[PDB]
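Inspection log for the structure reproduced underneath, given as structure tokens.
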Amino acid sequence: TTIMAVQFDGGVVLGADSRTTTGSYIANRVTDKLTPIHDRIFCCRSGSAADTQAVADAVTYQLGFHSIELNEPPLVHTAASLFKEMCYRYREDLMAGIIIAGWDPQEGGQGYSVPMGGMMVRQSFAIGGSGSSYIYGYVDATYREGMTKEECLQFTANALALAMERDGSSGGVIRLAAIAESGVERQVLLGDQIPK
Amino acid sequence: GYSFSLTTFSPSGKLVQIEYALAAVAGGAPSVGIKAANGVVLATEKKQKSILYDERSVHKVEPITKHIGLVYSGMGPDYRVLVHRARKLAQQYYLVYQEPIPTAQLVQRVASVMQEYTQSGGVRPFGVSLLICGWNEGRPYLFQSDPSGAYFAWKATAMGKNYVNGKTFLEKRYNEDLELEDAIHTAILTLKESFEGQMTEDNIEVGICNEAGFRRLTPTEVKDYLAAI
Amino acid sequence: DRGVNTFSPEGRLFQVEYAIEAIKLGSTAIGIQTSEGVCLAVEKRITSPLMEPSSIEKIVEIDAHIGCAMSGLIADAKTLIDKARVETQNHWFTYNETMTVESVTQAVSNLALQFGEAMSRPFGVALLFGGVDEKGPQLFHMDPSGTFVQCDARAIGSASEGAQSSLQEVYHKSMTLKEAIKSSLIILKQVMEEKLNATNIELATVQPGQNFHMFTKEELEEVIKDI
Amino acid sequence: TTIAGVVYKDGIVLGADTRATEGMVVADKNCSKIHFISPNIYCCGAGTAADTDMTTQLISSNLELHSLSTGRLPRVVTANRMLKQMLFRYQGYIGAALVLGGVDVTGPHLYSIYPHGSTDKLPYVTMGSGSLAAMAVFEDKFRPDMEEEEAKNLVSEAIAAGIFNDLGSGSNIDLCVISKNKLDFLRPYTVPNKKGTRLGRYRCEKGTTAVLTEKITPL
Amino acid sequence: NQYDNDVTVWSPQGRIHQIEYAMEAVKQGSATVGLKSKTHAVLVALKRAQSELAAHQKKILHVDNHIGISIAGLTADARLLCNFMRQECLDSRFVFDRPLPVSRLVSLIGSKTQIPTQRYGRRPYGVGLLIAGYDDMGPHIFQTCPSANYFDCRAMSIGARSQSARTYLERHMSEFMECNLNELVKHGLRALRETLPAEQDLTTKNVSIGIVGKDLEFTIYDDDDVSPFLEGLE
Amino acid sequence: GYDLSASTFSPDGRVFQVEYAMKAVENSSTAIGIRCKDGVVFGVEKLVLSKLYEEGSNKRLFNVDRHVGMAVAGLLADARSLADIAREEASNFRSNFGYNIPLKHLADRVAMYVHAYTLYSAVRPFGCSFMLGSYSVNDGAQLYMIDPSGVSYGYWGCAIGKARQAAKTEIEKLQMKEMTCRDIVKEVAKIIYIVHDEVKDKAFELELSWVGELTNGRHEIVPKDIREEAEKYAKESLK
Amino acid sequence: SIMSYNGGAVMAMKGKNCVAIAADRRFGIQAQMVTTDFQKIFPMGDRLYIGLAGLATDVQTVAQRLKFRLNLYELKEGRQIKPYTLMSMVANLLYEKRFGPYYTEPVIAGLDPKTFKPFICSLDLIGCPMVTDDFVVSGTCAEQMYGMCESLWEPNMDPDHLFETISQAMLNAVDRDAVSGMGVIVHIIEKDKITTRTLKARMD
Amino acid sequence: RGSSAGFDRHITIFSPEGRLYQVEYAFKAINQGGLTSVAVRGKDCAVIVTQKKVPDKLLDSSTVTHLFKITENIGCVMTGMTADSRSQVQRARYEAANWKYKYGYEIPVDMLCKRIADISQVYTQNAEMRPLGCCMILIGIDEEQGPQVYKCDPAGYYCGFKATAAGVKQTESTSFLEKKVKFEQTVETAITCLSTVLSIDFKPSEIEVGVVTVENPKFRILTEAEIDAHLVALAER
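If you read the protein sequences in the order shown, they are chains A, B, C, D, E, F, G and H. For what it's worth, UniProt numbering labels the leading residue of the first sequence as 35, then goes sequentially. For what it's worth, UniProt numbering labels the leading residue of the second sequence as 5, then goes sequentially. Positions 9 to 125, 132 to 241 (UniProt numbering) are the ones given, in order, by the third sequence. For what it's worth, UniProt numbering labels the leading residue of the fourth sequence as 44, then goes sequentially. For what it's worth, UniProt numbering labels the leading residue of the fifth sequence as 4, then goes sequentially. For what it's worth, UniProt numbering labels the leading residue of the sixth sequence as 7, then goes sequentially. For what it's worth, UniProt numbering labels the leading residue of the seventh sequence as 2, then goes sequentially. Positions 3 to 184, 191 to 245 (UniProt numbering) are the ones given, in order, by the eighth sequence.
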């Protein structure tokens, strides 16, 4: 698994691969690891599939009820905090790392990382997953401030492809999502379009 | 919650809240049940207060399983609670024995539930009376259950407003050789007696039970039967 | 009808007033405190010669140095006596020392108003505690309302008024235990309806250096010889 | 065991074998592994047999109650939800692996559910001991929007490969076809194996066995 | 008529009669006076005896090294409240290792006492309290009612025939802040004496004094120890 | 006897215990609250029943939260209970969702808690009314009023107590939507001085507080000197 | 293992309009004999039997709880139990103690009380029904019985040939098991009679 | 007729004629408010109209409303006691959310109606609480049979309608709508029914309108400009 999010002026870019294995056997090769918690908030998931799916469903329920009560669109920080509380309460049971990313009118496009242990922190770019150890130097060297929306999709695709070639648990297709005020744009990069 | 019984004995030995519940039941809409050689027929009157009401929004005749059906006379809100509990009980029996529940067992369980509300703290008895129909072992059944918790097995019965005249009608025009269609004709005729206004397919409800199961008739079939009569 | 916990218009609980009314139907108990010891004397209401007097016990041993005399509804005092014994034994177990008469009285009287809607009504029994501790002989009185006091001479029961009136002139701070026993017996003889004959009375004393002691028939005869 | 499922242009095809073993000895030779859940929803179970049986029966009763109350045909997403929530509640002690499938007012749907509460929505799925031998056939010969007969042949080939290449699988092949207008339950579909004919005659003639006591109880 | 048996019934005029009856319970107790200066707080209590052969009832209790209370009303309720206060002070000293401020204790008392006056089949605490304490902000005198309401005072008197003492205190408020300990004690004794019948006088038997101060733990003086304070009076 | 329980309807559709509870609020001293262009100002007249009580006793202005202030009327014990309930609700919200509770949410939660007491025979309704005021940079200034029956509303200027009608008549003449907190601080003191009745209620004290952008969103008591300036202005206007 | 602590062997076979159920007779504790006439086949009706093999305490407990439930059922309903319903009842009773299971494996054999159609089935440790058409075995010597029955069983057996077949299978199977044997008891269930027989077997 | 015995007027128990008086009083508790609401459904849309009263000039009119949102596709009108209405709305929101969480798809209108009426029926059997004094109207869009209008009353009864009214002037509005029904612009019909029964021509700031449409399934509340345009159309036509 390799997941990543990058901030740009006006929104966030999320990317993931699509392989789920059981040992050395690829149980699924077209997995979708980008899940919409609300209209403009997404999470990328890594770890045990059961734990991440159950926690995402629970947080979706709670955030929807909160939004209906308050009669307002929710914040990214609220969803990050709900995930943090559930991950910290059951840290002896769950095995789940999450990236939260979204856009809210109060603070723009933001991204938070909730690793194993129920910690929470904000970052300009955030990588996670088993295959992310092979692209730390690349993202350190290549990232710069003031990137445009179209310069963040290419950077994300390059980093994910480089992680895919070297990791045994990463593969498949590359799924990208761009989140800004107007909406969410989703796309898939098949085998011909993956950088080489 | 109150932990004391609200139903108590009268100096002449009568339980009075049960009598008042029966008084509530005797003011509800009529219902008729007839048992024939091939199945059972249940009929009820569904007059409504205005034309703005949606005639198909709620039903009085409801299925409990694939082979059991209910009608009621009394208060609708209590009927809904009883229907929910009967469905849950049938599902529990199926889960245990991997076999559909017989009619005489469902009637007993429902009757015990209705009796629990007569000797419990801070609650009032149900104000409904139930007619149950089913098909088991190749023969039909017809049971009645009262707000007190006592059940009886009948051949033909009427309940609700003007039920004494309905019982006399059924007594004078019932024999054990009826087919199901003759039973439907007799049930609709019994409902016709003491009816207010002109009846159509939209203000009565009919349900039948036979070898294939329990089903409520569609309005087209009710129109056909009314035209025949 | 009203609850168990309603105040009266002049600020008193009805049930406590009724229990205090019920107290005044019991037998008369009289306790006297001296610098040499404490003495407790109580009546017996023998309703028939076919009854055994020795089966009536109204003076019990809370502990080797503490005794109690009771009046009112007798059957209710058993719970209080049981608790008092249990608390004294618990105190000895934890601290390896003897409890004080005042501490026993507090522990017993903390149960007085623990009722509601567990107990459902007050107790309706009045108690006199007599003991010897580091401070010397001490006499305490406790009533159904939960209030306890320390006394020099007290009389509880149906004839409490006349007995207290007599104790007003009789008592003085320099009495000897023998004089106290005689005075208590004289007052009991005055207030009783039957004749005092060493069978329908009960008498006990607590003195420093020796345990709680119950008088037998011979001592009763010898003391009553003077009266 | 070997259970497989495929989605074609009009519905679902599910298939399973019929052998049940206990250790390394064949216990049952005609086991049934395709379970009824709703008139439009079916399930194929693998793993511990008792757990799959009880799980499917419980979920079927719950869906029956829900459909009676609402008055409509149930949805595959509802059954998937209840199954996955119940399985996650037990933290993986119910060794049931399920292939669930059905057709509703939205169209054909096919899910795979794992013992820990995971779920995948896919166009073709396999599970069991011989899951790899059938997944090879699906990877080789699957096309989108097949016909009914082509999908039935594909499922039969996958199950046959699982039977012939794995020791824990064998005997016959069962198929279930779910379509918007019908439901076919073929039992059995193919009989790839037959028992050989006996050569000798080992019939025990009357009087071969010696008896100590005997009593007759006329009913 | 029918609005006075339960604590959960409103009178048509917007009053609760059981609370008023609990108030009536307090006004039948013996008088108690409390007053403070810039450096000390003082409680003066008048004790009663059933007969000449019975000892006088206690009215000053230890709550903590810097807090003491005085009672008027039902005794067992006073004991319940005193034990609750002692437990709260012990818990505070265990967790934070510093003395509990007096106002935060009075808030807890009010919170506890308000609950019975709202539920079915329960009764208000029929006891009134005067609380004397000292902490980083100086002396404090608090007064508590059965209706869960509490007041912060410069001086206050509670009990039977306590209006005379209140009038005396209202006349002489101005001198309190400047008086030393002895003058404050004599002022309290005069105010308490204002409540006695003309045929009775103060004595070492029926007078109890409790004092708390800046460098003085809460101390209680009874019997012969109150003789120095009575000397020189009048 | 349809007025002995909170779970009985009168033959005409009324619950008399709640009305008897509101009659307890109707016998209290008036408190007013005014919302303006950049803040909210609370003002209470506190009656002194003796000269022995200290100044600052029986406070009727509470700090429910850093940005939220409260003003009560009626039985004081019930008010002091509701203040603790509101404090717990605000704390729990900040612990779950990580940010300050909006005022419109706290008001609704407290209102539901209050309404929960008017349905059963085992408890009695509250005999207290109160006002909640807040100011946020995103949501502006907000003022809410809550009722013993449990009803919550939003206002531009409100008064609770015995002198509701006179105070409301005086508040309606302000046109408060175009002026700042400094003018409102004098206006509230003036209204309080004219609505007081000094021949029956002999003595009283003025208590004022505000929340606004001049405090950077914190609820505070008015500084002393401003309070004496407003008192002098009100007295010279009364003359 | 726990299933082999006491030993035991039971089997059921289906004929034409008749069934046969057989069990061994031995109670011992591991490698020591205690008694011979131990009961393992219990009647649950006029023409319905159940056989338990495994751990003796669980055998007796399960038999008694099943009789409890069966008696209550027959009193409420007013009719005789059916073999399907009894199998489902036993499966429910065994699954209720999941994670704490009874160490037995039942075998059920009977006739339909309405049509007299044979029924044989077997359940596992935690209650998974497994209905057959030819024969079911249970116990420590299951492999030997499978081997004997695959070779001797033939369809449409009359009572005499069925009795001979089941006798030979059980005898030759338990002759190769160390902790089973020392007597065989055979019940032949038929429409109008039940026949109980005890066979002559080795006692070593 | 009208006989009584025991405590049958103080708790929910049967009278000698099988009546529950404490449930008949909860219906008169609705008329105490003094407002009326109407709900109409057309071939492709559903509309709810309520009367808006602001008795005081100092009240903030934005917070005074009787149109609420349960889910993004369902809308509500409440009449009767205000606190009871808030409690019922806050319960219905929770029920809808839990159904969506549990069964994977959005709750229908009639099932939400069923659940609310099931909750309300309990209060008429247990004797320690009273029924709530409010009535509820729900409108939604279901993808198979179109617009849905439903009503719940405090006795536990619920029903579906073509057009309904609640409040003080319910009886007159019923006859008006019966005559009118015995549609593409249902808003005009609702507004004219309210005007006729209330004998008042409405200003744009005295009513609230909420709609759901097949093409726009989400519940939305019209502003004052749209209501004013509709009122102008009423005046001209």
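The beta-carbon is built from N, C-alpha and C at its ideal position, and this holds for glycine as well.
Tell me whether residue i is buried or exposed, calling it buried when 16 or more other Cβ atoms sit within 10 Å of its Cβ.
{"i": "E193 of chain F", "result": "buried"}
{"i": "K194 of chain G", "result": "exposed"}
{"i": "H121 of chain F", "result": "buried"}
{"i": "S64 of chain H", "result": "exposed"}
{"i": "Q171 of chain F", "result": "exposed"}
{"i": "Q147 of chain H", "result": "exposed"}
{"i": "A201 of chain E", "result": "exposed"}
Which bits of chain D does residue i rub up against, with CB to CB less than 8 Å?
{"i": "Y98 of chain B", "result": "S104"}
Does the Cβ-Cβ distance between residue i and residue j come in under 7 Å?
{"i": "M189 of chain C", "j": "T42 of chain C", "result": "yes"}
{"i": "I143 of chain H", "j": "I50 of chain H", "result": "no"}
{"i": "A135 of chain E", "j": "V29 of chain E", "result": "no"}
{"i": "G82 of chain H", "j": "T194 of chain H", "result": "no"}
{"i": "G158 of chain H", "j": "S122 of chain H", "result": "yes"}
{"i": "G136 of chain A", "j": "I60 of chain A", "result": "no"}
{"i": "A176 of chain D", "j": "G205 of chain D", "result": "yes"}
{"i": "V130 of chain E", "j": "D80 of chain E", "result": "yes"}
{"i": "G39 of chain C", "j": "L48 of chain C", "result": "yes"}
Against residue i, what residues of chain B qualify as contacts under a CB-to-CB distance less than 7 Å, listed in chain order?
{"i": "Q100 of chain D", "result": "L99"}
{"i": "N93 of chain G", "result": "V100"}
Under 7 Å between beta-carbons, which chain G residues line up against residue i? List them in chain order, please.
{"i": "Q148 of chain B", "result": "Neighbours of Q148 of chain B on chain G: none; closest Cβ ~20 Å, over 7 Å."}
So with CB distances below 8 Å, who are the chain B contacts of residue i?
{"i": "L108 of chain D", "result": "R91, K92 and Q95"}
Below 7 Å on C-beta distance, what does residue i contact in chain H?
{"i": "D18 of chain F", "result": "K30"}
{"i": "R128 of chain B", "result": "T14, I15, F16 and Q127"}
{"i": "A28 of chain B", "result": "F16 and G20"}
Can you pull the chain H residues whose beta carbon is under 9 Å from the beta carbon of residue i, in chain order?
{"i": "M118 of chain F", "result": "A85, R88, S89 and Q92"}
{"i": "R84 of chain B", "result": "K116, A119, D120, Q123 and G158"}
Quick one: which chain A residues come within Cβ less than 8 Å of residue i?
{"i": "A99 of chain H", "result": "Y95, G98, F99 and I102"}
Can at least three beta-carbon pairs, one atom from the region 151 to 169 of chain B and one from the region 55 to 64 of chain B, be found at a separation below 8 Å? no
Would the region 158 to 177 of chain G and the region 29 to 38 of chain G be scored as touching if the rule is three or more Cβ pairs under 8 Å? no
At a CB distance below 9 Å, what residues from the region 90 to 124 of chain B approach chain G? Give them in sequence order. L99, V100, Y101, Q102, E103, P106, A108, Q109 and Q112
Using a beta-carbon distance cut-off of less than 7 Å, what residues from the region 20 to 33 of chain E approach chain C? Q21, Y24, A25, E27, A28 and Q31
Determine, using beta-carbon pairs with one atom in the region 67 to 87 of chain B and one in the region 133 to 149 of chain B, whether at least three such pairs fall under 8 Å. yes
Taking one C-beta from the region 96 to 107 of chain F and one from the region 135 to 147 of chain E each time, how about it: are there three or more such pairs within less than 8 Å? no
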